[PDB]
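Asks: First, the structure itself, so that you have it in front of you.
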Amino acid sequence: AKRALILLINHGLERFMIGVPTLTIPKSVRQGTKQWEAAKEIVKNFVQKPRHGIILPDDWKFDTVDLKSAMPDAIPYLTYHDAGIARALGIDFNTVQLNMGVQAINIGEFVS
Amino acid sequence: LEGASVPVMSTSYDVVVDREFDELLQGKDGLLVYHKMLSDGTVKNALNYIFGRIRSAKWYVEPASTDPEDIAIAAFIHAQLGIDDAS
């Protein structure tokens with residue numbers, strides 16, 4: 001579960017961090033043309049060269065996909081499964097959070 | 001002087017058969033469910049604690065009386081089990 005969640009979080013973080021570029025162009029634009037290369041270069045540069053900037057004729061429209069919410073916080077579920085590895089061996093203190101966060105006063109009792 | 005007049009009887013009534021009402025947990029099919037639960041991390045964590053604490057209870061042998069013969073027989077059993085500080 002831990003391994004599958006790290007793959008899912010890595011993938012999610014790229015789409016919420018960078019954004020998925022969309023370019024809408026006139027029906028007249030055909031593949032293998034000057035205009036077509038320009039379209040591919042805009043989308044590529046959005047991802048690779050953000051400082052580059054985008055110049056559009058008024059019948060071309062650039063946008064990023066609206067995901068319509070904040071990225072879900074999957075850290076608590078990942079640490080549930082990760083710390084769960086140590087719980088399954090009969091360790092009775094959290095081996096992933098260790099000393100960090102609000103906790104029980106008496107750590108000694110959980111070591112006992 | 002008379003022996004028992006009442007026999008030992010099964011814990012059975014209506015759908016309850018020998019203490020169990022749920023068909024999926026009756027007999028040896030039941031045992032397969034409990035076996036599969038041993039693969040759960042929360043079950044294994046609990047059994048590790050419970051079974052550890054049971055064995056650590058400072059086991060020893062109490063004699064039937066303070067009579068030297070009862071002490072002698074208790075010492076034989078102590079020796080058979082190898083009673084010691086760590087159990």
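Chain labels run A, B, ... following the order of the structure tokens; each chain numbers its residues from 1, and ligands are numbered from 1 in the order shown.
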Mind checking which residues fall within 10 Å of residue A:84, counting only C-alpha atoms, ignoring those fewer than 4 positions away in the same chain, and posting them as a ChimeraX atom specification?

Replies: /A:2,78-80,88-91,94-96 /B:41-42,45

Asks: Neighbouring residues of stretch 56-68 of chain A were defined as those with any atom within 7 Å, considering only C-alpha atoms; residues of the same chain fewer than 6 positions away were excluded. Please report them as a ChimeraX atom specification.

Replies: /A:19-26

Asks: Give me a file of those residues, with N, CA, C and O atoms, as an mmCIF file, in the first residue's frame.

Replies:
data_model
loop_
_atom_site.group_PDB
_atom_site.id
_atom_site.type_symbol
_atom_site.label_atom_id
_atom_site.label_comp_id
_atom_site.auth_asym_id
_atom_site.auth_seq_id
_atom_site.Cartn_x
_atom_site.Cartn_y
_atom_site.Cartn_z
ATOM 1 N N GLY A 19 0.583 22.025 -13.884
ATOM 2 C CA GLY A 19 -0.652 22.213 -14.657
ATOM 3 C C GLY A 19 -0.557 21.494 -15.991
ATOM 4 O O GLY A 19 0.573 21.292 -16.480
ATOM 5 N N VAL A 20 -1.711 21.108 -16.543
ATOM 6 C CA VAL A 20 -1.837 20.403 -17.854
ATOM 7 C C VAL A 20 -2.233 21.454 -18.884
ATOM 8 O O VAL A 20 -3.346 21.959 -18.819
ATOM 9 N N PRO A 21 -1.330 21.833 -19.825
ATOM 10 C CA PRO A 21 -1.633 22.863 -20.819
ATOM 11 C C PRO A 21 -2.610 22.372 -21.900
ATOM 12 O O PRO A 21 -2.462 21.239 -22.346
ATOM 13 N N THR A 22 -3.588 23.218 -22.253
ATOM 14 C CA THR A 22 -4.518 23.041 -23.405
ATOM 15 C C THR A 22 -4.405 24.260 -24.331
ATOM 16 O O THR A 22 -4.308 25.397 -23.818
ATOM 17 N N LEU A 23 -4.383 24.016 -25.645
ATOM 18 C CA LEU A 23 -4.379 25.057 -26.692
ATOM 19 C C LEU A 23 -5.487 24.726 -27.701
ATOM 20 O O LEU A 23 -5.447 23.629 -28.281
ATOM 21 N N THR A 24 -6.467 25.626 -27.841
ATOM 22 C CA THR A 24 -7.615 25.487 -28.764
ATOM 23 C C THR A 24 -7.365 26.396 -29.968
ATOM 24 O O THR A 24 -7.119 27.606 -29.752
ATOM 25 N N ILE A 25 -7.392 25.812 -31.172
ATOM 26 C CA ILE A 25 -6.977 26.480 -32.437
ATOM 27 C C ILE A 25 -8.092 26.348 -33.474
ATOM 28 O O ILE A 25 -8.949 25.477 -33.364
ATOM 29 N N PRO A 26 -8.105 27.224 -34.510
ATOM 30 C CA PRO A 26 -9.059 27.137 -35.612
ATOM 31 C C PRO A 26 -8.983 25.809 -36.375
ATOM 32 O O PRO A 26 -7.910 25.221 -36.482
#

Asks: Which residues in chain A does DSSP call helix (DSSP H, G or I)? List them as a VMD selection string.

Replies: chain A and resid 2 to 17 34 to 48 50 to 52 75 to 87 107 to 111

Asks: Closest to residue A:92 among B:75, B:84, B:64, B:49, using only C-alpha atoms?

Replies: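 The closest residue to residue A:92 is B:49.
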
Asks: Which residues of chain B are close to chain A, meaning at most 12 Å apart when you count only C-alpha atoms, and how do they look as a list in words?

Replies: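 Matching residues, ligands excluded from the count: residues 38, 39, 40, 41, 42, 43, 44, 45, 46, 47, 48, 49, 50, 51, 52 and 53 of chain B.
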
Asks: So that I have them on file, write out the residues from the current selection with C-alpha atoms, as a PDB file, in the first residue's frame.

Replies:
ATOM      1  CA  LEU B  38      -3.459 -13.639  11.617  1.00  0.00           C
ATOM      2  CA  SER B  39      -2.263 -11.875   8.343  1.00  0.00           C
ATOM      3  CA  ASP B  40      -3.726  -8.538   9.656  1.00  0.00           C
ATOM      4  CA  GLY B  41      -1.067  -6.201  11.203  1.00  0.00           C
ATOM      5  CA  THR B  42      -3.446  -4.962  13.996  1.00  0.00           C
ATOM      6  CA  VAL B  43      -4.338  -8.609  15.007  1.00  0.00           C
ATOM      7  CA  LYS B  44      -0.599  -9.620  15.019  1.00  0.00           C
ATOM      8  CA  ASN B  45       0.366  -6.445  17.031  1.00  0.00           C
ATOM      9  CA  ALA B  46      -2.288  -7.372  19.704  1.00  0.00           C
ATOM     10  CA  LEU B  47      -1.266 -11.107  19.936  1.00  0.00           C
ATOM     11  CA  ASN B  48       2.473 -10.130  20.219  1.00  0.00           C
ATOM     12  CA  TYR B  49       1.592  -7.925  23.290  1.00  0.00           C
ATOM     13  CA  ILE B  50      -0.930 -10.340  24.956  1.00  0.00           C
ATOM     14  CA  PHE B  51       1.207 -13.550  24.464  1.00  0.00           C
ATOM     15  CA  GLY B  52       4.407 -11.672  25.568  1.00  0.00           C
ATOM     16  CA  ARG B  53       2.744 -10.380  28.802  1.00  0.00           C
TER      17      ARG B  53
END

Asks: How far is it from atom CA of residue A:110 to atom CA of residue B:86, in Å with one decimal?

Replies: 20.8 Å

Asks: What separation in Å, quoted to one decimal, exists between atom CA of residue B:61 and atom CA of residue B:77?

Replies: 7.5 Å
